[PDB]
Structures are given as C-alpha cells and as structure tokens.
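**Student:** fold the following, please.
(one chain, ligands or ions: 1)
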Amino acid sequence: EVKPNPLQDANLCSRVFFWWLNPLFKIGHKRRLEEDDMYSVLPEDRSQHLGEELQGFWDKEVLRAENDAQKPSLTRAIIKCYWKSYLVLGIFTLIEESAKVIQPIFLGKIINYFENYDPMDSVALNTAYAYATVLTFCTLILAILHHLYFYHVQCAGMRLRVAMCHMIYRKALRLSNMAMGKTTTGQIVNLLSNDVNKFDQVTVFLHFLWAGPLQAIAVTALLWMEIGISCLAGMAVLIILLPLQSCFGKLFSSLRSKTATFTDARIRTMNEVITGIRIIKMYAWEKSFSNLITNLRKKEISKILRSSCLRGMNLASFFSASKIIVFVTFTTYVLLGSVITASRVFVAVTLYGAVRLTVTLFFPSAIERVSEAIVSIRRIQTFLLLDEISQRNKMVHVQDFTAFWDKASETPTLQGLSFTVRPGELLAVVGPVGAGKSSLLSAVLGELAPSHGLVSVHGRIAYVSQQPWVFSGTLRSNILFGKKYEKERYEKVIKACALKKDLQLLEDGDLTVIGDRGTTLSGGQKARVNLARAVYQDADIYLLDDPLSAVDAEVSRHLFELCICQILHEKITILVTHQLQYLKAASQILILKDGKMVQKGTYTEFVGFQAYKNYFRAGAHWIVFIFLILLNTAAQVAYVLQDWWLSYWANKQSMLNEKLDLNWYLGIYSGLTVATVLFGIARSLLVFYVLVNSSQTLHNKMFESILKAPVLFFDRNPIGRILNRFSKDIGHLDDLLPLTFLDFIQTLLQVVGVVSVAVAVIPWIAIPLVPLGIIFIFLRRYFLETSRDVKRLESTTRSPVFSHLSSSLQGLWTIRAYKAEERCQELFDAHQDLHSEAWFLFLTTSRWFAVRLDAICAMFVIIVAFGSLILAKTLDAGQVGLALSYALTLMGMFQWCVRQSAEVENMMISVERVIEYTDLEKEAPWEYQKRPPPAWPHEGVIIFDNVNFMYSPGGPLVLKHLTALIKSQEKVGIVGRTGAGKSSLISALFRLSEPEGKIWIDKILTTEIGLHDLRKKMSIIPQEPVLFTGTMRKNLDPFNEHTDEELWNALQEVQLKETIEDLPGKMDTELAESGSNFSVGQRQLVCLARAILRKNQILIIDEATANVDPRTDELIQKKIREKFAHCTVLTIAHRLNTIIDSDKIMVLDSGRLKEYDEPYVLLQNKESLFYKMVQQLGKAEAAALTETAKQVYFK
Ligand SMILES: CCCCC[C@H](O)/C=C\[C@H]1[C@H](O)CC(=O)[C@@H]1C/C=C\CCCC(=O)O
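**Tutor:** Numbers count the residues shown, from 1 in each chain. Provided below are the atomic coordinates:
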C-alpha cells in the first residue's frame, strides 16, 4: 500500500473499539491534516474493482432481460451482487433490535426485586446482580458493538456508490453521439453529484423496512404480556403520529416551495444591486431598491415565519409524544381497574421509549429514503440502457457515401462521396465558411456511420476540434496525454509549436501544473495545445478541424507551413479550412455544399462568544431570554415530573394493604401531560420567534450597510462574495439555524433530565460524573479539531470527480478519437479513490468519536443499575424504576445532542459572516443638515481647486492638484489615457471617494451637503448603460413623479416609443432580464431619457458611444446637443471626433491637466499634446476636425 491502512493489521478486537485506526488523531492534534495523511482505501473498495464486480451482475441482468423478453431491472442486479453479502448485517440488525426490546424485561426483573425487597437476603440480590449483569451486556450491544456494525452498513452504501460512479463514467465514454444530443452534462451531474449520493443515505435505513414492524409487534407482545390489551390504547396514538408526522411533511414542503420564489426574487434583485452598485449609487436610487428589498423580505419572511411555527409544532411532537402515549395508556390501565405497579409502568414506559424512535422517526425516514433512492435507481438504469458506441472498430478509402448526420428529415450531410488517400498525402475540405460540414471527420472517425456506403480505415486517427480543450494535469501532462515523455520528440515539437517561447509567458516555468479547470492558458493558446497533442500523438491519420485563424503567425507557419505541410504529410492528413493559401498546396480537396460533395480534386480544381452575544440580542429584547429560559426549563420540569409522578403513585400504592384516591392522583397526573405538551409547544414556538425575528433584524441592518457602503468596497470584494451572503449565509438563518438550534436546546435539557434525575435519586452518583465530564470535554476537544479538518478534505477532493467528468464529457470526441479509454478511466478511478480515502476517513473518524463517546453513555447506565443495588437500603421501589427508565433512554439521545453541538457551532459561523457586514464603513450621510436650496443648480457652475483624488485611500493619486473652472452653460470634453481620464473625474465629482483639494458647485463646496442632496442635482450616462428588471416606468421614474406623457415625451425624444409602445404593459412593461431584448444603444437611449426627465442643469456624459451605430450615435448627439444647450455638459472621449465640437478640452494625462483650452487653439499649437493626440489620427480628417473646431469661433 502506498499509504498503509491499519485495518489490514488491526486485530479482530480492534475494529470493535476503533482502537487502532488511532494515530491519525495524534497527527491531527498537532497539525493540519493533509491529503497524503489519509490512509489508502481497502483494496476491495477500488473504483475499478467495484466497477468490474457490479458490471458483471448488470450484464447478467441484461442477459436475463433478453432471454426473458422483459426490461432489465437494475435493482434486481444490485441485489444479486450484494444480497449474499448484505444479509450478514441483517443478522446483526435482528439481534440489535431484539435487544432493544428485551432490556425492558430484565429492567422489569431488576425493579421486580425492589418490589419484594428483603434486607435479610443475598440470593435475590445475587439474582438481581445476574439480571443487572445481563442488563449491562445488553447495553454493550447497542453502545459499543453497534458502532462497528453501523460502519460496515455505511460501507455498503459507500461501496455501492463508488461502483455506480464507475459504471456511469464507463457508460458515458461508451455513449452514442446521438444520445449526447438527448443528454446534457447537468443530468449526469445531477445524477453523479447528487442523485447517486442518495446511495449512502439509503443503506443506513434499509433494514428498518422490516425491522420496524418486527420491533413494533414485539413491543406489543411484551405490552400485551405486561398490561394486557390496555396497551392497545397507547399503541394507537403511537401509530397516529406516523400519518400526522407525514402530514407536516407536505405542509412545510409546500411552504418551502412557497418561499423559494421570493428568495430568488430577492436574490435576483440583490444581484442587480451588487452588479449595478456603481450606477445605482450615482443615480441616488438606493431608496427605490431599499423599498423593494424590504417589502420582498416582508413578503418572504411572513411565509418562513408561519412555516417555522408549523414546523415548531412538529418538534414539540417529538418531545411530548412519549408523555402523551404514556399518559393515555396508564389512564386506561387504572380505569379498567388495575393498580399501578412500579415494574409494570417502568417496563411499559421503557418499551414506548424503544418503539417510539423506530416507528416515529426511523421507519418514516426509511420509506422516504428508499422512495428517493428508487426513482434515482430507475433513471440510472435508464441511463445505463441508453445506446452505446459500436466498439467493433496507413490508408483510408471511402466510396458512394451518402449518410446523414442522423437518419432524419435533415438534408443529407454527405452525398456522392468517394475518395482514396495513401501514405504521403494531405487531403483538404472546402465548404461554407464556419459550417458544420467538418462533421465529415466524425464519419471518418466513425462517430458517424454510413447509412449506405463503403468505408475503410487503418491506423490511428488524431482529431482536433475547433473547440479547445485540456485534460487534467500539467500542460506537459496534457501534451503527454498518456504517452511516454519522449524528450527528443517533445523538444522537437514544442519547438515546432514555438510553444516553449510562449510557455515561459503562460505557465511561467516549464514544469508547472495547469490550474483549476484549465484556468492558466488562454483559449487561443489552449487551441494550440490540442494541435500540440496531435503532433505529439505522431498519428497515422490526421483529421484537422478548421483552426483558429487568429493564431495565424510565424507560430502557425512552424505548425502549418513546415510541420503539417511537410512532416505530418507522413501517412495521411486531412485539413478542413478556408486557409486556401495553405490549401493551395493541398494534394486533394473534397468540396461540400448543401450536403453534396459538389466536386473533388486538388485545389487547382477551384467560534467566539461575541457571535452568540450579537446574534441573540439582535433578536427580541434581552430580558425575553430570561422568560424563554423559564419555558425551556419548565417544560423539562414538566416532562420529568410526570414520570416522577408516575413513580410516586406506585409508591403510595405500595403502602396500601381500600382504594387510592383515583380522581386526585389521576387528576394531577393528567395535569402534567397538559402541562408538558403545552410548555413543549410553547417553548418550540418561542425559540423560532426569537431567532427568526433575529434573522429579520440582521438582514435589515446588514442590508443597510451595503447601500451605505462606499464604492471602493465593491472594487475589492468580488461580486459573488457578497451575493453569496445574501443568498446562503442569511440562507442558514432562515431555513435551518433556528430549527437546528431548537433541536439542540430540546435535547440538551433532555440529557440534563436523565442526569439530574439520576443524581437526585442516587445522590452519590454525582462523584464519578465529573471524571465523565472532563473526559467528555477533552474528547470533544481532541475530536473536533481533527474532524473539522477531515470535513474540508472530503469537501475538496469531491469536486475533481465531476470536474473531471465535466471536462471529459466535453472531451468526448478527442478522448474517443485517441481511444484513451483506459487513461481516462485510470484518472476517473484515481479521483474516486482519493475521494474514497476521504470518505473512508469521514465514516470511520466520525464513528471513532461515537464509540469512544457512547462508551461513557454505557458507563452511565451501568453505574445507575449497580449503584441502585449497592444502595438498596436507601432506594424507594418506584424511584429505581424512574432513574433506570431514564438512563436506558440516554443510549439514544446522547450521541444526537453532540452531533448537533458541532453542527450548530459550525453553522453559527454564518452569524459571524453576517455580523461582519453590519458595521462596514459608510459614506458620509445621504443627506446633511446643511441643505442645498431648490434654486441651487440654476447657476451650473463647477469649481476645481487643488483637486487631488485617488481611487482608494492612500492609493495612487490620479487627480493631482487639479484646479479649474467650468462655467455656466459651457460644453467641454475631457480626454486622455482611460484610467487617468475617466473614472478619476467621474468619482471625484460625484464624491464616490472624498476628493482632496476642493470642488465647489454654484459656489457651494461639494463636501458641505448630503450625498443625495448632491447626486440628485446631476445626471450621468455611463459608458455601459444598465436597465433594471421591472417596468419601463421604474427604469424611468421609480418615484412615479413623472407622468406617462412626460415619459412618452422622453420615449418620443428618443425613437424608442415606436419600439416599446407595442409592449403589453406600456410604461408598465415588465422588462426581460436586464432588458436584453433591447439593443445596447437602446439602453443608451434610456439613460438619455433619465436625463431628459431629471432635467439637471449639470450633466456628466461618459464615453457611451464607443460602440454604437453611427446614425444611432449621431441621433444621440442630436438630442444631446439640442436639449442640453443650456446645460453644462462634460463628455469623455473614446475618440476625439466625438468631442471636437466641445468649446474646450481638459487633457488629464498622467493625472495632470496637460491642456485646458479651445481645441482649435490646441491644434493651432502644433506642439500641443492634443495636436499629438490628433497626430495619432494619421489622416487628413484632422483638417475636417480643424475646420469643425474653427467653425465654433466664426462668431
Ligand atoms: C430525543 C433526541 C433524538 C432526536 C431524534 C434523533 O435524532 C433520531 C435518532 C437518533 C436517536 O436519538 C439515537 C441515535 O443514535 C439516532 C441517531 C441518528 C442517526 C444515525 C446517525 C447518528 C450519528 O452518527 O450521529
């Protein structure tokens, strides 16, 4: 073994305690674990081996299906492969569950001793120790050995999953090209990423499909043997919870779908804000989106709030049920005339505790998980029944060939085809430009096949698609493509590709690994790599698809005019291209049009405590937690006092030699049931209300921060990084954290229930509990540091599996052309192994903790039992039965509590990642107390003085000392290097970061007012316009202040009305996604409407028309020039002609005012930088500009 596996040498005891799969924790306590540390798989779990195993039975099922003339069944195939193995775990399942029923009987007899307690005996005490001894062994079944068994069940699922991953990838490479049309990777990805992941989740439960009924029956048997048919009153309620719990499933599932539409609506809108934040902020449209997001959140939260409450009732059912079904039983047992006797009640109580899980939870889940599995199995079977490529398989000859792309109504892609080519030759193909006719190679490749026609091929085929592609590994590993590194040929061809000269620039060093998904290489350079493979593959047949002509350079001359044009003329090659300057040298050409071979011939034919403190206080007022803690505790007190009351009653019965006062004892007893269910539902609802209300707070406060956040904040943070929070980190605080949190609280008290009962009945048990405490803390400490890191290793190593699948499925035609079946299989098997090593650890490591934990839970029951016998002088008869009835329950819940502790402590990180945003830096307020007058912009005056600006605090200065006046009604253009010229001036004038120096507007110092007070009074048209998914009205006036005739006027100021007035909503036309239905220029026309409505006296225009239809551009100019003659207008130039009409130009190059003058005077100075920038025109058009400038000064 490359990585020796301790199961190979752990003794037969070792796997009971996981004693020896141990050193990995030694390492994990000191170090971050790493991908070599994880042990290799057991040899029998390897992806190839499980593949070959299961493929055999599936083939035999295909044989059965043919011979029996029926559909094959994949479930039958997997069964006959696994069943003779899988049965053995059944026997444990039987013996395990039988003991869960029998502990009650010996528990009875232990209690039975206390009913006939005599001090002057040792034999019954010895008899009791015997029962107490067997009660211990029963616990070691469930508490220790169970953790061996449960692992191997996990492995049957893990084994089954890996086999299916193998057979799937095998089937995919064999998949017909036609089926690929009927398929998409996303199906195979849903299949292999998720739908096959169902196969772990099934095997844990599969035996409950039958073990449940047996268990339930047996409980009814012992119950019939115990309390007679009075138990039928109780069991009926236990059954009713199965349909009822099923009922909740539909309702909350509905409400889940009821909410899904709004999280998308919020998150899709949220996406526009983070995408548009630059343009949003400059328009001062924060308020519009603020209203929307709030009200969608109000619409959304109302559903999730009601849903949580109709889930909160569900949790209290899992808490209080046992107190209901106990209550209806013994009430019946009294009224039908029995006394209550401690043994019989605590026997009955414990049996209900045992059956409850099997019927209330496990069997319900069991039928569910198989139901999800079986549908997945059917579609995988269907996928395994898709058609396959026919694996039947120096020169190529074709004659009379007439096949379609597919036998169909398509016009046949090839007709009249015959040709012959012999070693030493290049064929070519010519047809429509960029046309799919190169699919001819797929017929030569055998990817297509003759409907009728003769085809002959001998020797290997290289293929390159016009699509670039990369396998996994290094570029060299991609180039090697499973062939040996032939240094001499590698050097010769990498030189022939000129590729080493470029590889220093692309991989930055020869032996460098291709980054994720091929990220390192330019696609055009990656296009070279496929050809680099082909030339590296030294092939006998070269089938070349139409190359990326942008590569046409001396690199391509080395590739084409030497390597292809002379060397790879060895044996055969075919090059479909319109590179007729290379194909004029072609030996023969096949010419295709409308599917005809119209002619053929040679070319001459042509987490810290601060998290919890902030998270809870953001809920309801902090005093409410004190009231909440009374509900949490009071419920627990009602739950425990019920069974204590049930015990106390039996004791009073034992004094009787006459009746107990039924209607006092039973009256009170029923009181506690009413008490315990009521507080139970009361608790459950309250906790959700506090936390889901907390989600409401943290959302609003946090969302406020995004809008007040300065634009610099988005220049650092990637778009995804923020939107993920609104999508999924707040996602946790709605769907899942409150529920997971309540369950934890609901259990933690239950563990305190058992413990406090035990120590209150048997006071001296408090002593060993402290050792038990500190061990637990250290173990949780030692484990969780290790386990958290294993979780990361699993989460990482999974993604290559479908990533390899995805690129491989993209790579199909290449991979199959080279017949690289085993190399790709070896690779997919490899990843599945590395993932299997992580999944192997996750299973065993999670388990190790569980057994080294439930050992103490077993230690706990044992101390209660023997402690009870030790103290027998002191113990009251019923009170033994109480403490034992509780203790035997702990063997369940103790593991589940600590599972949830890690899950909440992990998920509480989503609270921290949201608090992070709630106090980011803010711009200066949107409004100041100092306020601009309504008449303010009526001067239209801009002052620049000493203006120094940086795109970030302390960053490079890109405005330097800039001091200038822009006067009323002036029209001035600004130009230079893009990063010196545009975003610098945009941001500083709009206070997107506070400029140094000073800017004044109409003798108002621009720092002195609120930012909406500023930004409302100016308009921007950016280079990239944006339209927001919503009405044309909202894209024009989200404040509804401008009437549709005004809006239509704008729509009639532009030409757009005659292109939108047809739309069904008119002004209320709900746009397509970002209005992609509208032309880019049309989006630009919309911004002008925003200006036309805004009517600002000051207008800043970015270089919008950099890529606009000239007549559309000149239309833009007309309305700009017309309507804003009185306005003061800044324009940034993509090209000088766009601004040559300006009264003046400011030249901002290197961040300095290189020029500020009349452009003609600038051109009158043959030394001016503007003249030099005009000299870059290289054309007499400078004169047309020159006159056009001069025309301004005619009068
Ligand atoms: C009252 C507390 C129980 C609430 C329901 C509980 O989650 C359901 C089943 C629990 C039960 O408490 C005993 C037990 O071990 C079950 C664990 C659940 C799944 C198996 C994996 C356990 C693992 O490896 O973590």
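
**Student:** all contacts plus neighbour counts: C-alpha atoms, from now on.
**Tutor:** Noted.

**Student:** and residue 27, what does it touch?
**Tutor:** residue 33 (Cα atoms under 8 Å, 6 or more residues apart in numbering).

**Student:** assign the closest residue to residue 442 other than its chain neighbours to helix, strand or coil.
**Tutor:** Distances taken as Cα to Cα, 6 or more residues apart in numbering place residue 448 nearest to residue 442, at 5.3 Å, with adjacent residues excluded. For residue 448, the assignment made with DSSP: H, G, I helix; E, B strand; the rest coil gives coil.

**Student:** residue 448 and residue 457, how far apart?
**Tutor:** 14 Å (Cα to Cα, to the nearest Å).

**Student:** among the two, which residue is more densely surrounded?
**Tutor:** Neighbour comparison, residue 448 and residue 457: the larger count goes to residue 448, with 20 against 16 (by other Cα atoms under 10 Å).

**Student:** got the residues of the chain near the ligand?
**Tutor:** Counting by Cα under 6 Å from any ligand atom, the chain comes close to the ligand at 747, 892-893, 895-896, 899.

**Student:** now those residues: which count as buried?
**Tutor:** Buried members of the residues of the chain next to the ligand, scored by 16 or more other Cα atoms under 10 Å, are 747, 892, 895.

**Student:** quick one: name whatever helix or strand follows the host helix or strand of the last one.
**Tutor:** Element membership of residue 895 [criterion: DSSP states H and E] is helix 877-918. Moving toward the C-terminus from helix 877-918, the first helix or strand encountered (DSSP H and E) is strand 942-950.

**Student:** measure stretch 515-527 end to end?
**Tutor:** First-to-last residue span, stretch 515-527, Cα to Cα: 16 Å.

**Student:** for that stretch, buried residues please.
**Tutor:** 517-518, 520-521, 523, 525-527.

**Student:** now stretch 335-351
**Tutor:** 339-351.

**Student:** what separates residue 126 from the ligand, distance-wise?
**Tutor:** Distance, residue 126 to the ligand, using Cα to the nearest ligand atom, to the nearest Å: 32 Å.

**Student:** name the SS class of that residue, please.
**Tutor:** Assignment for residue 126 (three-state DSSP): helix.

**Student:** can you report how many residues lie near it?
**Tutor:** 13.

**Student:** cool, and residue 649?
**Tutor:** Neighbours of residue 649 using other Cα under 10 Å come to 20.

**Student:** now the residue of the stretch 401-550 of the chain found nearest the ligand. Its backbone dihedrals?
**Tutor:** Using Cα to the nearest ligand atom, the closest approach of the stretch 401-550 of the chain to the ligand is made by residue 516 at 34.0 Å. With angles defined as degrees, to the nearest 10, residue 516 sits at phi -50, psi 130.

**Student:** among the buried ones among the residues of the chain next to the ligand, which one lies nearest to the ligand?
**Tutor:** residue 892 (3.5 Å).

**Student:** how near is the closest one to residue 350?
**Tutor:** For residue 892 relative to residue 350 (Cα to Cα), the value is 12 Å.

**Student:** repeat for residue 330
**Tutor:** Counting by Cα to Cα, the gap from residue 330 to residue 350 is 13 Å.

**Student:** is residue 997 part of a helix or strand, or is it coil?
**Tutor:** strand.

**Student:** quick check, central residue of the chain?
**Tutor:** residue 728 (8.8 Å; Cα atoms, centre = their mean).

**Student:** is it in a helix, a strand, or coil?
**Tutor:** Under three-state DSSP, residue 728 comes out as helix.

**Student:** check the stretch 101-250 of the chain for the residue nearest the ligand and tell me.
**Tutor:** residue 204 (7.6 Å).
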